[PDB]
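Descriptive analysis of the structure
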Amino acid sequence: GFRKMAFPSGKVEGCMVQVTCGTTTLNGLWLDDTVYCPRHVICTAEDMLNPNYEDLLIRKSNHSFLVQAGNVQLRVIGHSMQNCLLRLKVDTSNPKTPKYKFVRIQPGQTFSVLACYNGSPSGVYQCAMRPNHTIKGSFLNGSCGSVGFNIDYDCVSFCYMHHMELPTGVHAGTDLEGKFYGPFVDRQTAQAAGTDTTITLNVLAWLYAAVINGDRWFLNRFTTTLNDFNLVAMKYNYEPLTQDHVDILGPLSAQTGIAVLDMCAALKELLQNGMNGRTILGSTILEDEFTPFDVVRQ
Amino acid sequence: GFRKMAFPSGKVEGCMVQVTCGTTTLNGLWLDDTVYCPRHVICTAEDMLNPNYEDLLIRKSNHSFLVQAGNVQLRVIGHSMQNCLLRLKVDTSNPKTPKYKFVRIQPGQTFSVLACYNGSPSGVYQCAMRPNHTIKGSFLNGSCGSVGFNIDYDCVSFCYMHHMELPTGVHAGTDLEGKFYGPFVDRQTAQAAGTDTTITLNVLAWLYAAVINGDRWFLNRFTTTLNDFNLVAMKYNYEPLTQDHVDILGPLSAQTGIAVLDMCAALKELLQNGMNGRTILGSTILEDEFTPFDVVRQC
Ligand SMILES: CC(C)(C)[C@H](NC(=O)C(F)(F)F)C(=O)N1C[C@H]2[C@@H]([C@H]1C(=O)N[C@H](C=N)C[C@@H]1CCNC1=O)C2(C)C
Ligand SMILES: CC(C)(C)[C@H](NC(=O)C(F)(F)F)C(=O)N1C[C@H]2[C@@H]([C@H]1C(=O)N[C@H](C=N)C[C@@H]1CCNC1=O)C2(C)C
C-alpha cells in the first residue's frame, strides 16, 4: 500500500492539441487563446547542426500552422517565439482552461507527466527532476509538447514541456516559459548531462514512508552527525544533506518517532552493507523519486 | 525506460460522485441517470459479520441517499440492488458520460485505478488483478467506490469498484455488475486472501523487456517443453503457461529472436538457482505486473 501515484490528468487533458508545420507534428498546450508548443515544430531535418530559429520563424506565416483541437481546427491569428517555445495566438479561447500557473521546478521535485501523441493523451505517470536537470521519462516519437504538472486544489502548476531524448535514454525539456532545464539546446546533436546523483532527501522520505507502513527492519539503535553522514553520502554519489533538508523532514520525523539523524544512520547502514536480499516497501533499490510532500499526501 | 503508466483519467473523473447514508460516505460512479456505488454505504456497524442487505435496503427511502456531484446535489429517484452494488436512479443524466462498457477483468490483466475520496479524485495508478483475485492497491478510508478501468480508443471499459482491504494489505472488490472478484463477501468478518501465485506471462514479458534493454546474462541454451516448464513453475508458486500465453508472447520473441520456450528455459533456471545477487532491470526480484502489451507499446 504505497506506490507511485500521478495526479488526475483531466484538467490537463482538456488543454492538449495537435500542432503541425508541413510534415512535422507535435502536441501543444491550449490555455485561453494561446497554444504553447516546442519551437522545433517549424523545423524539417534542419533539426541538425544548424537550426537558426529566428531565420526559420521569420519565413513562416500564421497560415503555415495547422492547429487541431480534436475534430476542430483553430485558426492561428498570430505567433511569437519565447525561448524554445512558440506562443501561437488563436481566435478561440479554450473553454476548458483550468486555473493554472507556470512554475519552474527545482531538482528533486516531482511532477506528473501526461504523455501525448498527435494531440491525444495516452498515458500518465509520475517522475522527478533529476539533480543533473534531466528527467527519466517514457517518451516516444511524437511526444514533444507533452507536459509535466502538479495540481494544488483546483490549480494546475505546469512545470515541464517535453523536447528531446538524450543518447543515454533520459529526457530534457523546458519550463512553460521555454527555458531549458539543464545545459541542453534544441538541436539534433549529441549532448550529455552532468553525472547524476541520488536525491538524498527523497530517499529519507521514502524510508519514513516504509516505517509508516510497517517496514522497520532497517532501523538501528545507532545515530550519526550531519557531516559524518555527508562523508558517507559523497562516497556513494548521494547529494549532501542540509539542515534545511533536516527541517523539511520534521513532520515525518514527528509522526514516526525517529529523529532525522537516526534515519540517516539507518540509511548509512543500507549504503554500506547493502540490503542483503531484503526489500523496502516492495523495492530492492532505495527509491529517490518520492518527495516528503508526496509521502505525507499518501 | 520501462515504467508503469496509467491511462489518462479525465473520462472517469467526470463521473465521480459522493454518496452519503447518514454517517457513512463513499464514492459513486455516475453514468447517464444511474449512480453505482458499493451497497455497504447503507450500513452502520451493521457492517459487522452479518449485514442483511435486503433488510437494510427495504428500510431506506430515496431521500436518505445524499448524492453530490461536486457542488450540486442530485435527487435519487429510484434504487435497486444488483449483487453487491446499488444502482441509484437520479433525475439528472450526467452530461460528461463517456462511451463505456462494463467488463470482467481476468487474472493477470492490468488496469488503472482512480483513487477518490468524498467524490474527489486524488490519484491515478496501475494495478494487476492477481491470480488470487485481489489487487495490490493503495486505498485509505473513504476510498470505496473508486473504480479501475482501461481505455480503448474513446471508450472506457470499467472493470473494478473497490470494496475492502484484506489483512495482508491487499484489496478486494467487484466488477460493475456487483459480482466480487474472488471468494470475498462485503461483510466485516474474518477473511483472507488465498495463496498468491506469480503471473508467469508477465515475468516472461519482463525478461523480454530486459533483453530489449540490453540485459541478457540470464539466457541459456537449455531447452524445455511447455509441460516440463509448467511442472517446475507450479513447484515455485508460478502460474503455469497456457496455449494462449505462448501466442501472446509471439511479437516479443520475434522482436528479440528468443523463442518463447527458450525464455521459459531461462526462467526455469532462475527459479531453480535464484539470481545469486545479480539484477535484472535493476532489481533482484522478478516483476510480474508488466504485461506483454506494456513492453510492446513502450518500445
Ligand atoms: C532522440 C533524437 C536522437 C531524435 C534527438 N535527440 C538529440 O538530438 C540529443 F542527442 F541532443 F538529445 C531528439 O530527441 N530530437 C531531435 C530534434 C528534436 C528531438 C525530438 O525528436 N523530440 C521528440 C518530439 N516529438 C521526442 C523524442 C523522440 C524520440 N524520444 C523523445 O523523447 C530536436 C532536438 C529539435
Ligand atoms: C479493513 C477493514 C478491517 C476495515 C475491513 N476489512 C475486512 O473486513 C476484511 F479483512 F475482511 F477484508 C474493510 O475493508 N471493510 C469493513 C466493511 C467494508 C470495508 C471498508 O471499510 N472499505 C473501505 C471503503 N471505504 C475501504 C477499505 C478501508 C480501509 N482500507 C480499504 O480499502 C465492509 C466489508 C462492508
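Residues numbered from 1 in each chain as written, not as in the entry; some residues may be left out. Chains lettered and ligands numbered in written order. Heavy atoms only, no water. Residues with missing side-chain atoms left out of burial classes, pairs and counts.

As annotated in the PDB entry, chain B carries the name 3C-like proteinase and is attributed to Severe acute respiratory syndrome-related coronavirus.

Named according to the PDB entry, chain A is 3C-like proteinase originating from Severe acute respiratory syndrome-related coronavirus.

A few words now on the overall build of chain A. A tally of regular secondary structure across chain A gives eight helices and 13 strands. In terms of principal-axis extent, the alpha carbons of chain A reach across some 70 × 40 × 30 Å. In chain A, the proportion of contacts linking residues at least 24 apart, taken out of those at least 6 apart, comes to 63%. (Helix = DSSP H or I, 4+ residues; strand = E, 2+ residues; numbered from the N terminus. Contact = heavy atoms within 4.5 Å.)

What follows is about the site of ligand 1. All names here are of chain A. Surveying the vicinity of ligand 1 reveals 22 residues, the closest of which are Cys-144, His-162, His-163, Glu-165 and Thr-189. Within the backbone of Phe-139, an N or O atom sits 3.3 Å from a nitrogen atom of ligand 1. Between ligand 1 and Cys-144, the relevant distance is 2.9 Å, taken from a nitrogen atom to a main-chain nitrogen or oxygen of the residue. For ligand 1, whose free accessible area comes to 680 Å², the fraction covered by protein is 81%. Among the elements that make up the shell around ligand 1, the one with the highest residue count is strand β12 (residues 155-165) (four residues). For the shell around ligand 1, the residue count by class is eight nonpolar, ten polar and four charged. (Near = heavy atom within 4 Å. Polar contact = N/O pair within 3.5 Å; in protein donor to acceptor, adjacent residues only side chain to side chain. Areas by Shrake-Rupley, 256 points an atom, 1.4 Å probe, with all protein chains shown as cover. Nonpolar A, V, L, I, M, F, W, Y, C, P; charged D, E, K, R; others polar.)

The domains assigned to chain A are domain 1 (11-90) and domain 2 (200-297). Using only C-alpha atoms to locate each centre, domain 1 of chain A and domain 2 of chain A end up separated by 44 Å. (Domains from an automatic or database assignment.)

To continue, consider the interface of chain B and chain A. Between chain B and chain A, the contact holds 28 residues from the first and 27 residues from the second. Considering each element in turn, the side of chain B that touches chain A owes the most residues, seven residues, to strand β10 (residues 120-128) of chain B. When grouped by side-chain class, the residues that make up the side of chain B that touches chain A number ten nonpolar, twelve polar and six charged.

To continue, consider the pattern of salt bridges. Residue and element names in this part refer to chain B. Tallied over the full model, the rule gives 13 salt bridges over all chains. Here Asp-186 ties to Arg-39 by a salt bridge, and the two come within 2.9 Å at their closest N and O atoms. Residue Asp-186 is located in the loop between β13 (171-174) and α3 (200-212), and its partner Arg-39 is located in the loop between β3 (34-38) and α2 (53-58); the two are separated by 147 residues in the primary sequence. The same class applies to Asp-186 as to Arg-39, namely buried. (Salt bridge = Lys/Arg side-chain N within 4 Å of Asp/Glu carboxyl O. Buried < 20%, exposed > 50% of the residue type's maximum accessible area, 1.4 Å probe, protein only.)

Turning our attention to unusual backbone geometry. Backbone geometry places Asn-118 of chain A, a non-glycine residue, at a positive phi of 60°. Within the element layout of this structure, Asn-118 of chain A appears in the loop between β9 (110-117) and β10 (120-128).

Residue and element names in this part refer to chain B. Take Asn-230: it is sitting in helix α4 (residues 226-235). For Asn-230, a relative accessible area of 13% gives the class buried. A polar atom in the side chain of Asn-230 sits 2.7 Å from the backbone nitrogen of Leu-241. The residues touching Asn-230, leaving out its near neighbours within four places in the chain, are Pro-240 and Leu-241.

Residues and elements named next belong to chain B. Compared with an ideal rise of 1.5 Å per residue, which puts 14 residues at 20 Å, helix α7 (residues 260-273) spans 20 Å between its outermost C-alpha atoms and is within 8% of the ideal. Of all the positions in α7, only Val-260, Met-263, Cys-264, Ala-265, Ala-266, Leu-267, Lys-268, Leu-270 and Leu-271 are classed as buried. Looking one or two places after α7, you find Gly-274, whose phi comes out positive at around 60°. (Expected span 1.5 Å × (residues − 1).)

Attention now goes to the sheet that holds strand β4 (residues 65-69) of chain B. All names here are of chain B. Sheet architecture is open: seven strands sit in the order β5-β4-β1-β2-β3-β7-β6, paired in antiparallel fashion. Bordering the open sheet on either side are β5 (72-74) and β6 (76-82), each of which pairs with just one other strand. Averaged over all pairs of adjacent strands, the angle between their axes in this sheet comes to 30°, without regard to strand direction. Bridge count for strand β2 (residues 24-31) against β3 is three bridges, and the pairing is antiparallel. Note that in β3 the partner of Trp-30 across the bridge is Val-35. (Pairing = 2+ DSSP bridges. Axes fitted to C-alpha atoms, helices over the stretch in contact; angles between N-to-C directions.)

What follows is about the environment of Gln-109 of chain B. All names here are of chain B. Position of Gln-109 relative to the elements: it lies in the loop between β8 (100-102) and β9 (110-117). Along the primary structure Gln-109 and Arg-130 are separated by 21 residues, whereas in three dimensions their C-alpha atoms are 8.3 Å apart. Not counting chain neighbours up to four residues away, the residues in contact with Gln-109 comprise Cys-127, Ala-128 and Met-129. Of the polar contacts made by the side chain of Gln-109, one reaches the backbone nitrogen of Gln-106; its length is 3.0 Å.

This brings us to the site of ligand 2. Residues and elements named next belong to chain B. If you check the shell around ligand 2, you find 19 residues, and the closest are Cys-144, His-162, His-163, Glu-165 and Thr-189. Here a nitrogen atom of ligand 2 and a backbone polar atom of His-163 are 2.8 Å apart. For the shell around ligand 2, the element with the most residues is strand β12 (residues 155-165), which contributes four residues. A class-by-class count of the residues in the shell around ligand 2 yields five nonpolar, ten polar and four charged.

Right, let's talk about the packing of α4 of chain B against α7 of chain B for a bit. Describing two packed helices takes the angle between their axes plus the distance from one axis to the other. Residue and element names in this part refer to chain B. The N-to-C vectors of α4 and α7 enclose an angle of 25°; their axes lie 10 Å apart at closest approach. Viewed along their axes, α4 and α7 adopt a mutual orientation that is roughly parallel. Every pair of crossing elements has a handedness; the one defined by α4 and α7 is left-handed. Packed against α4, whose contacting residues are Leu-226, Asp-228, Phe-229, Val-232 and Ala-233, the element α7 presents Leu-261, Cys-264, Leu-267, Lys-268, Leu-271 and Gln-272 at the interface. Here the residues of the contact of α4 with α7 sort into eight nonpolar, one polar and two charged. (Parallel < 35°, antiparallel > 145°, perpendicular 65-115°, else oblique. Left-handed = near helix turned anticlockwise from the far one by under 90°.)

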